[PDB]
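Novice: This is the structure I have questions about; it appears just below.
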Amino acid sequence: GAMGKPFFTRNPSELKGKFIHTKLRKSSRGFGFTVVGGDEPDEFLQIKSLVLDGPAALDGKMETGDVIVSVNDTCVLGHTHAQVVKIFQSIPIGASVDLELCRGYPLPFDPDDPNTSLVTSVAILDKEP
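73 is the number that PDB author numbering gives to position 77 of the sequence shown; each next residue is one higher, with no gaps.
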């Protein structure tokens, strides 16, 4: 697992990390975060990133790279990314969801995070190309 494959133990209680259970209001756009991972019932969801406009950043409790572990107290920890999307499809616009986010695990994929590689923040300077 190059872009993922963390320690998957299918139980939020057994996994390490910081765990914060925050409700994300599915607003008009729905959720202000994106996820990546959930590749398998053994690869985790993590917040690909979130819109600084959206409830995720606004709530403040959700950040880029937090591993989605659960939804509605239902362990959706790499349920399957297919299943997780289905559950969010299960949830309607204008809703909200108490989600379990584990933070501490590095971003699986880093699109909105500049900071990881080339074309990054200009406050991110390294002697390495």
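Built from N, CA and C at the ideal position, the CB exists for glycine as well.
Let me make sure I understand the geometry here. Which of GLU124, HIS17, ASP122, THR5 has the alpha-carbon closest to that of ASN68?
Specialist: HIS17
Novice: Pick out the complete beta strand (DSSP E) segments inside the segment 28 to 90, 3 residues or longer, and give them in chain order.
Specialist: 29 to 36, 39 to 46, 63 to 67
Novice: Would residue 129 be called buried (16 or more neighbouring beta carbons within 10 Å of its own) or exposed?
Specialist: Residue 129 lies beyond the stretch modelled for the chain, which goes from -3 to 125, so this question has no answer here.
Novice: Consult DSSP for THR112 and reduce its assignment to one of helix, strand or coil.
Specialist: helix
Novice: Using the rule of at least 16 other Cβ atoms within 10 Å of the residue's Cβ for burial, across every protein chain shown, is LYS44 buried or exposed?
Specialist: buried
Novice: Kindly list the residues whose CB is nearer than 8 Å to the CB of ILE120, restricted to its own chain and excluding five residues on each side of it in sequence; keep chain order.
Specialist: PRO110, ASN111
Novice: In angstroms with no decimal places, state the Cα-to-Cα distance between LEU95 and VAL47.
Specialist: 17 Å
Novice: Taking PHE15 as the reference, give the member of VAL65, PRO107, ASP49, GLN79 with the closest Cα.
Specialist: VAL65
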